[PDB]
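Data first, discussion second: the structure below is written as structure tokens.
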Amino acid sequence: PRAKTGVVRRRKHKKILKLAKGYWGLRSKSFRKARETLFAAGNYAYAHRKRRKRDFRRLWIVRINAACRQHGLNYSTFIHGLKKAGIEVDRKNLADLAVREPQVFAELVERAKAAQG
Amino acid sequence: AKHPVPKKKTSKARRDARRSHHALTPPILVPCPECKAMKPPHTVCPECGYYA
Amino acid sequence: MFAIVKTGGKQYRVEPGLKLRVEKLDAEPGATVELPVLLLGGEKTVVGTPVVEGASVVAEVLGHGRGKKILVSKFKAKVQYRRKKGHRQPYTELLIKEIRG
Amino acid sequence: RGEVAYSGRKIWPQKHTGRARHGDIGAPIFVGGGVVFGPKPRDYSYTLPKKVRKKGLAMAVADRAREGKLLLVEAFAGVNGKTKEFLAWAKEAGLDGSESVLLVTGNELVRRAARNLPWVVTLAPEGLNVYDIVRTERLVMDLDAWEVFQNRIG
Amino acid sequence: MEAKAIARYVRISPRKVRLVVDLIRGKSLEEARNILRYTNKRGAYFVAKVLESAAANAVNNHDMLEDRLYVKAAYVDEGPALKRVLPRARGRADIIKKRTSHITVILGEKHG
Amino acid sequence: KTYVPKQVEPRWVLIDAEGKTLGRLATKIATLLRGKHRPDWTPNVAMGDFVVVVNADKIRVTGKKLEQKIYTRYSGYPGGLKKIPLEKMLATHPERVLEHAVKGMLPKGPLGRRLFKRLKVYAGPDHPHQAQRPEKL
RNA sequence: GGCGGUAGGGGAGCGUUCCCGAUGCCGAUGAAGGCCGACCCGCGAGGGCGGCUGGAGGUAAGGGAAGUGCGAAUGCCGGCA
RNA sequence: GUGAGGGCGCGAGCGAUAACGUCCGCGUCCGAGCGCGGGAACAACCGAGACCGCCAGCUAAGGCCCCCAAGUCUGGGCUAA
RNA sequence: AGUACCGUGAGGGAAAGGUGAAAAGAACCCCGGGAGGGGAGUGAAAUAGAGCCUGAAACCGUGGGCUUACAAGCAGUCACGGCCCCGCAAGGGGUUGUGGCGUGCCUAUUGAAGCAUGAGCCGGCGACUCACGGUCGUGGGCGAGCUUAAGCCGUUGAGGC
Ligand SMILES: [Mg+2]
Ligand SMILES: [Mg+2]
Ligand SMILES: [Mg+2]
Ligand SMILES: [Mg+2]
Ligand SMILES: [Mg+2]
Ligand SMILES: [Mg+2]
Ligand SMILES: [Mg+2]
Ligand SMILES: [Mg+2]
Ligand SMILES: [Mg+2]
Ligand SMILES: [Mg+2]
Ligand SMILES: [Mg+2]
Ligand SMILES: [Mg+2]
Ligand SMILES: [Mg+2]
Ligand SMILES: [Mg+2]
Ligand SMILES: [Mg+2]
Ligand SMILES: [Mg+2]
Ligand SMILES: [Mg+2]
Ligand SMILES: [Mg+2]
Ligand SMILES: [Mg+2]
Ligand SMILES: [Mg+2]
Ligand SMILES: [Mg+2]
Ligand SMILES: [Mg+2]
Ligand SMILES: [Mg+2]
Ligand SMILES: [Mg+2]
Ligand SMILES: [Mg+2]
Ligand SMILES: [Mg+2]
Ligand SMILES: [Mg+2]
Ligand SMILES: [Mg+2]
Ligand SMILES: [Mg+2]
Ligand SMILES: [Mg+2]
Ligand SMILES: [Mg+2]
Ligand SMILES: [Mg+2]
Ligand SMILES: [Mg+2]
Ligand SMILES: [Mg+2]
Ligand SMILES: [Mg+2]
Ligand SMILES: [Mg+2]
Ligand SMILES: [Mg+2]
Ligand SMILES: [Mg+2]
Ligand SMILES: [Mg+2]
Ligand SMILES: [Mg+2]
Ligand SMILES: [Mg+2]
Ligand SMILES: [Mg+2]
Ligand SMILES: [Mg+2]
Ligand SMILES: [Mg+2]
Ligand SMILES: [Mg+2]
Ligand SMILES: [Mg+2]
Ligand SMILES: [Mg+2]
Ligand SMILES: [Mg+2]
Ligand SMILES: [Mg+2]
Ligand SMILES: [Mg+2]
Ligand SMILES: [Mg+2]
Ligand SMILES: [Mg+2]
Ligand SMILES: [Mg+2]
Ligand SMILES: [Mg+2]
Ligand SMILES: [Mg+2]
Ligand SMILES: [Mg+2]
Ligand SMILES: [Mg+2]
Ligand SMILES: [Mg+2]
Ligand SMILES: [Mg+2]
Ligand SMILES: [Mg+2]
Ligand SMILES: [Mg+2]
Ligand SMILES: [Mg+2]
Ligand SMILES: [Mg+2]
Ligand SMILES: [Mg+2]
Ligand SMILES: [Mg+2]
Ligand SMILES: [Mg+2]
Ligand SMILES: [Mg+2]
Ligand SMILES: [Mg+2]
Ligand SMILES: [Mg+2]
Ligand SMILES: [Mg+2]
Ligand SMILES: [Mg+2]
Ligand SMILES: [Mg+2]
Ligand SMILES: [Mg+2]
Ligand SMILES: [Mg+2]
Ligand SMILES: [Mg+2]
Ligand SMILES: [Mg+2]
Ligand SMILES: [Mg+2]
Ligand SMILES: [Mg+2]
Ligand SMILES: [Mg+2]
Ligand SMILES: [Mg+2]
Ligand SMILES: [Mg+2]
Ligand SMILES: [Mg+2]
Ligand SMILES: [Mg+2]
Ligand SMILES: [Mg+2]
Ligand SMILES: [Mg+2]
Ligand SMILES: [Mg+2]
Ligand SMILES: [Mg+2]
Ligand SMILES: [Mg+2]
Ligand SMILES: [Mg+2]
Ligand SMILES: [Mg+2]
Ligand SMILES: [Mg+2]
Ligand SMILES: [Mg+2]
Ligand SMILES: [Mg+2]
Ligand SMILES: [Mg+2]
Ligand SMILES: [Mg+2]
Ligand SMILES: [Mg+2]
Ligand SMILES: [Mg+2]
Ligand SMILES: [Mg+2]
Ligand SMILES: [Mg+2]
Ligand SMILES: [Mg+2]
Ligand SMILES: [Mg+2]
Ligand SMILES: [Mg+2]
Ligand SMILES: [Mg+2]
Ligand SMILES: [Mg+2]
Ligand SMILES: [Mg+2]
Ligand SMILES: [Mg+2]
Ligand SMILES: [Mg+2]
Ligand SMILES: [Mg+2]
Ligand SMILES: [Mg+2]
Ligand SMILES: [Mg+2]
Ligand SMILES: [Mg+2]
Ligand SMILES: [Mg+2]
Ligand SMILES: [Mg+2]
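Chains as they are written, first to last, in the deposited numbering: chain BU, 2 to 118; chain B5, 2 to 53; chain BV, 1 to 101; chain BF, 54 to 207; chain BW, 1 to 112; chain BN, 25 to 161.
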């Protein structure tokens, strides 16, 4: 019984070569190079997922300290407010209220200023 | 073969790029007073003739 | 009225009636669950003690569902170390209804 | 790479040649070279302990007996080797062709008869063997046969 | 209706004629005849010969009016190479590829 | 799913200059060039204020900076490193000081360049009185 | 409650060739192979479905035996750059 | 399998109270954690042991004037280089 | 095919198989010196048209969609926005503007993106087997026993002695 390669290898290559569609130049036409790229990208994506968090963690903090500044306080001071004033509400994200419903935000600014000191 | 030698296969893009200015241009032709045919300027041509 | 509910370990606001996908939840295929877990309102309701001591949001479990597959794919160089996991994450579809405060 | 038809010479020097490095086309890394641990004729047979061979035959027969398919007979009325005969004969016997029948008998003529049938496998008494037993859904045999079966194990 | 015409196996390099073809693409038939006739390239000869045989077929087989058809499209693909040796100093020997061309020219009715 | 801001409209400002400390002014200034004060802010977009400075010639600076603070500038040529003390800058084109001070505090990408155009520096005061001149401090 | 991992030890699986299964079943209303998918099942290697090609083969469930999986060896043959 | 080890802290010899030097002892990290945050960048220095997912949350070292998250924070001194 | 070719010679030693059920292998006309095309015609099929079944990949080309001439780069990846294409929809597909992040694969090594090795690219060929004997584990048969070798009879995919 001789088991020639047969279809197998082609299929494996093509399977991958699809994954690499769109990649610049020889890096989507040659199996070998595309593969090498995918390795990297796989690791990239997975590392950037963990990042996506950090990025918005920040994006929101800027907005907050932004509109939180208009009423008259540092993000630091403002946080200390709601963290002390019981409101574990507004996961930083939902302090998007600064954009729609500024009044609601403002409510949270005095509530904070107050119980803060 | 000897001393200087290309370090890396020219990219198929970087190649065609070099061929930027390679395209040709149409010959400059004109209708002649003689026949209705076309001549290049300043040139006696068949089906036509000239004058002195 | 805007209404911030917490659930599946994540905060989201909610409009009177609309579809929302949330971390999978233990409930019937088509039942109803309250997210008594709720903060604020569109008529200004600072959530004092973390949660409003009295308020609720009602929603219908429009159905469960998996999610488009992601390829978690580790690769450590010089060390022939490759790993390819497929991962699709479960969830459920809440249709909002009563934001009864 | 020894039995292949090529010669010994070193394809080329192996030093300041720029070419790879080699001995002779025989080398299994050539296309048209020798094969590696490719197959060579070998005896696949072995000696399965006798106790076991019998146990098997007994258990095989039995399995059919316990299934009710086993059916000893002596009444072979359709004699002269002639399929039609055995055909009609099996009709009576309750063998129609809905199930495969391993027929076992001493009489070569009964053999001749059933032989050409595509749902029957003819076989002498000494031929009894698990594979054939197991193959067919239905065992049926001559008394002289069933006897020389008990002879082997009884 | 469109109207094809193809010269296979034309013994000449692709890169070479492709230059001349790309000169007539999307052109008036009469203009092309004019260009090709006077354009200075070995490739003119072949591209012209086919460009013609196309118009021919266009009229005698697909009854388009010679007076209006134009170059709807026209390309040139590479046919099998033609390899020769080329003896070289100190005994090396490069193999010179004499390439070849398939030239297509499709013509179409002037307009509507 | 976080809010992405739409097409806003430039808010021109008008910062003074005289008296203000070089560094400390620049700081504020850039945070306007980037929108980072406006809550509706977003990195990828670029929508900070059109800052306009006047009388930059009257920028103050602590210590011997007028003498010590030298700028470098390397022409591609050999020995082409040409240095220049703060004095000389303020003497000649002065806004130049305030300009780079800010430039050096803007992000290094393309929009960082785009952001630089947003800044109009002078010494007069008096700019081209476009429209908005909302004074600030 | 544990779960980074090279050399290495252990375990479970996927796929190629061939055999029993087979005097069978799939198959021109379309076999193998090729091309294509944003679908379905599998953690995965894979498996399935659908359209296009292709024109005659293919081979379950459960087992069995191996010339059984390639990116590299200045590897070998060919094609093209 | 391994029998080239490497750096760092400490304790000695050698060395010149030289060396990304060497040679032992104890420990440690890299090796195999060139995975993640800090140190501009940087195996082994500080922080921490990555099963996968999350546009949640607290903190570690480090850091909070702008590039760059977060105080141009409060109070008392010193320094003019 | 021991041929072509290589070697003075002993001697080395290739590549190269497939239309179609049938030749029905394309009369005749058309452009062309011819080759080769277009039409006509044969055929179930002619992208079966003659080194002609299938016809993959690298590689070359025409057309279309998106994008690019103030930009800094292991070519990805994460986010957002534009444009084009699917779809009742919500969604989805293609492209890439800006923003964040990011030192190729293998090998060898105390340590490599490494200015250390290997690889132009693609396709196919390519490396832990087998026999006997050992040793342990393992699924069975029998057990103070267990088992047969060569061979003989039988069979021609039958076992038995
Ligand atoms: Mg193989
Ligand atoms: Mg598939
Ligand atoms: Mg992409
Ligand atoms: Mg990589
Ligand atoms: Mg945070
Ligand atoms: Mg607003
Ligand atoms: Mg509103
Ligand atoms: Mg030009
Ligand atoms: Mg005259
Ligand atoms: Mg309550
Ligand atoms: Mg790496
Ligand atoms: Mg290694
Ligand atoms: Mg490496
Ligand atoms: Mg490896
Ligand atoms: Mg109410
Ligand atoms: Mg020979
Ligand atoms: Mg020989
Ligand atoms: Mg030999
Ligand atoms: Mg010899
Ligand atoms: Mg040598
Ligand atoms: Mg070489
Ligand atoms: Mg060799
Ligand atoms: Mg040898
Ligand atoms: Mg050969
Ligand atoms: Mg051969
Ligand atoms: Mg051979
Ligand atoms: Mg019974
Ligand atoms: Mg029945
Ligand atoms: Mg000419
Ligand atoms: Mg006409
Ligand atoms: Mg062309
Ligand atoms: Mg010469
Ligand atoms: Mg060449
Ligand atoms: Mg003033
Ligand atoms: Mg002075
Ligand atoms: Mg100098
Ligand atoms: Mg000078
Ligand atoms: Mg002015
Ligand atoms: Mg668990
Ligand atoms: Mg593990
Ligand atoms: Mg195992
Ligand atoms: Mg075979
Ligand atoms: Mg059928
Ligand atoms: Mg049908
Ligand atoms: Mg097959
Ligand atoms: Mg087969
Ligand atoms: Mg299919
Ligand atoms: Mg099977
Ligand atoms: Mg092998
Ligand atoms: Mg390998
Ligand atoms: Mg190779
Ligand atoms: Mg070659
Ligand atoms: Mg080659
Ligand atoms: Mg070449
Ligand atoms: Mg040692
Ligand atoms: Mg040591
Ligand atoms: Mg050690
Ligand atoms: Mg040590
Ligand atoms: Mg030292
Ligand atoms: Mg360790
Ligand atoms: Mg690092
Ligand atoms: Mg350092
Ligand atoms: Mg390390
Ligand atoms: Mg480190
Ligand atoms: Mg906190
Ligand atoms: Mg702290
Ligand atoms: Mg701290
Ligand atoms: Mg102080
Ligand atoms: Mg002080
Ligand atoms: Mg021959
Ligand atoms: Mg021959
Ligand atoms: Mg010959
Ligand atoms: Mg000769
Ligand atoms: Mg000779
Ligand atoms: Mg050959
Ligand atoms: Mg031949
Ligand atoms: Mg004939
Ligand atoms: Mg013809
Ligand atoms: Mg005629
Ligand atoms: Mg003629
Ligand atoms: Mg003629
Ligand atoms: Mg012809
Ligand atoms: Mg002809
Ligand atoms: Mg025709
Ligand atoms: Mg017909
Ligand atoms: Mg038909
Ligand atoms: Mg066909
Ligand atoms: Mg041919
Ligand atoms: Mg055929
Ligand atoms: Mg194009
Ligand atoms: Mg184009
Ligand atoms: Mg399109
Ligand atoms: Mg276009
Ligand atoms: Mg760029
Ligand atoms: Mg990017
Ligand atoms: Mg559309
Ligand atoms: Mg539809
Ligand atoms: Mg709807
Ligand atoms: Mg699309
Ligand atoms: Mg890093
Ligand atoms: Mg080495
Ligand atoms: Mg070394
Ligand atoms: Mg090692
Ligand atoms: Mg390099
Ligand atoms: Mg070297
Ligand atoms: Mg290298
Ligand atoms: Mg070496
Ligand atoms: Mg290597
Ligand atoms: Mg090299
Ligand atoms: Mg070469
Ligand atoms: Mg290959
Ligand atoms: Mg036992
Ligand atoms: Mg025999």
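We put the beta carbon where it would ideally sit given N, CA and C, even for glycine.
Under 7 Å, CB to CB, which of the residues in the stretch 9-26 of chain BV have a partner in chain BU? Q11, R13
Is the shortest distance between the beta-carbon of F57 (chain BU) and the beta-carbons of chain BN less than 8 Å? yes
Under a CB-based cut-off of 8 Å, is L39 (chain BV) close to chain BU? yes
For the structure I just gave you, are there three or more beta carbon pairs, one from the stretch 16-24 of chain BW and one from the stretch 37-50 of chain BW, closer than 8 Å? yes
Residues that DSSP places opposite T100 (chain BW) in a beta bridge: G79 (chain BW)
Closer than 6 Å by C-beta to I106 (chain BW): which residues in its own chain qualify, once you throw out the five before and the five after it? Chain order, please. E2, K4, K72, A73
Return the chain-ordered list of same chain residues with a C-beta closer than 6 Å to the C-beta of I65 (chain BU), the five sequence neighbours on each side being excluded. Closer than 6 Å at Cβ, skipping near neighbours: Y76, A96.
CA-CA distance, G91 (chain BF) and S60 (chain BF)? 21 Å
For a minimum of 4 consecutive residues, which ranges assigned as the alpha helix (DSSP H) are wholly contained in the stretch 108-132 of chain BN? 110-115, 119-127
So the alpha helix (DSSP H) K19 (chain BV) belongs to, where does it begin and stop? Taken as a continuous stretch (DSSP letters only), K19 (chain BV) belongs to no alpha helix (DSSP H), being part of the beta strand (DSSP E) at 19-23.
Looking only at its chain, what residues have a beta carbon closer than 6 Å to the beta carbon of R112 (chain BU), apart from the 5 residues adjacent to it on each side? Excluding residues up to 5 positions away in sequence, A86 lie with their Cβ nearer than 6 Å to the Cβ of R112 (chain BU) in the same chain.
Any idea what DSSP makes of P14 (chain BW), helix, strand or coil? DSSP places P14 (chain BW) in helix when its eight states are reduced to three.
Starting from the C-beta of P29 (chain BV), find all residues in its chain whose C-beta is less than 8 Å away, skip the five residues before and the five after it, and write them out in chain order. Contacts found: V61, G63, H64.
So, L18 (chain BV) versus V90 (chain BU), is the Cβ gap smaller than 8 Å? no
Any C-beta of chain BU under 8 Å from that of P63 (chain BN): yes
Note down, in chain order, every chain BW residue with its Cβ under 7 Å from the Cβ of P42 (chain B5). In chain order: nothing, as chain BW lies at least about 12 Å away.
Under 8 Å between C-beta atoms, does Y75 (chain BW) make it to chain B5? It does not: the Cβ of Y75 (chain BW) has no partner Cβ on chain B5 nearer than 8 Å.
Tell me whether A93 (chain BW) sits in a helix, a strand or coil according to DSSP, three-state version. Residue state, collapsed to three classes: strand.
In chain BU, what lies closer than 8 Å to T26 (chain BN) by C-beta? Residues of chain BU passing the Cβ test: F57, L60, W61, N94, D97.
Inter-residue Cα distance where the pair is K30 (chain BU) and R188 (chain BF): 54 Å
List the whole-angstrom C-beta distance separating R117 (chain BF) from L123 (chain BF), where the pair is believed to meet the contact cut-off of C-beta under 8 Å. 4 Å
The alpha helix (DSSP H) with residue 21 (chain BN) in it runs from where to where? The requested residue 21 (chain BN) is not part of the displayed model; chain BN covers only 25 to 161.
What would DSSP say about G65 (chain BV), mapped onto helix, strand or coil? strand
Taking the straight line between their C-alpha atoms, what separation do you get for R50 (chain BU) and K69 (chain BV)? In a straight line, the C-alpha of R50 (chain BU) is about 14 Å away from that of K69 (chain BV).
Any idea if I95 (chain BW) is buried or exposed, counting beta-carbon neighbours within 10 angstroms, 16 or more meaning buried? exposed
Quick check: the stretch 30-47 of chain BN against the stretch 74-87 of chain BN, are at least 3 beta-carbon pairs closer than 8 Å? The answer is yes - the stretch 30-47 of chain BN touches the stretch 74-87 of chain BN, with three or more Cβ pairs under 8 Å.
Any heavy atom of ligand 34 within a distance shorter than 7 Å of the CB on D150 (chain BN)? no
Contained alpha helix (DSSP H) runs [length at least 4] in the stretch 95-140 of chain BF, N- to C-terminal order: 103-120
Count the other CB atoms within 10 Å of the CB of residue 142 (chain BV); is the residue buried (16 or more) or exposed (fewer)? No statement about residue 142 (chain BV) is possible, as the shown extent of chain BV runs from 1 to 101 and does not include it.
By the 7 Å beta-carbon criterion, what residues does the stretch 43-55 of chain BU contribute toward chain BV? From the stretch 43-55 of chain BU, only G43, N44, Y47 have a Cβ closer than 7 Å to chain BV.
What's the call for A198 (chain BF), buried or exposed, on a 16-neighbour Cβ count within 10 Å? buried
Under 8 Å, do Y75 (chain BW) and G108 (chain BW) count as touching if we go by C-beta distance? no
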